[PDB]
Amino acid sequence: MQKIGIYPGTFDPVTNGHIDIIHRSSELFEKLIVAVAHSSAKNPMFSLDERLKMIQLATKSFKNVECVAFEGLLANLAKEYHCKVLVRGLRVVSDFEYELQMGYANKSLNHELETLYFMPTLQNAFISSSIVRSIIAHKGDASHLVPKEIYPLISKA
């Protein structure tokens, strides 16, 4: 179980909160896969390539982390990695009942697939990518919310 975990997300863009989750979960698992969903139906501000490349650079210090993009069902991705554990973060604004729902849905699609939750640091408990998008969209400074190495890209496009 501890061999591999998958942390899925849209990551639009990657925030300091997501990095907290990566930090703690990469400590626990021998390998952590960060799985960047296309999420076409949401209308992500950043392209799948931009999102993947940003999270790849932001996770360069974590040597047991690999970031990948995926287009299909997360439950199937887990099967292809022989992974029995999805990693999720729980923040103040998490929809807790929706997380339980998604956990059970994923298990119903892949009977071996458990979901485990981590907390970000307290300072990041109220950060969300939607807040970063809103600030950027209104030409404000969101540098306090994201890894500095990706901020110039997002502050532009």
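All residue numbers are counted from 1 along the displayed sequence.
Colleague: Tell me which of 105-113 and 42-50 has the higher mean C-alpha B-factor in the deposited entry.
Modeller: Mean C-alpha B-factor is greater for 42-50.
Colleague: What stretch has the higher average Cα B-factor here, 114-122 or 92-100?
Modeller: Mean CA B-factor is higher for 92-100.
Colleague: According to the Cα B-factor stored in this entry, which of the following is highest: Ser25, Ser134, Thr10, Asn16?
Modeller: Highest C-alpha B-factor among the listed options: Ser134.
Colleague: Going by what the PDB entry lists, where does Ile4 fall on CA B-factor within its chain: lowest, middle or highest third?
Modeller: Its C-alpha B-factor belongs to the middle third of this chain's values.
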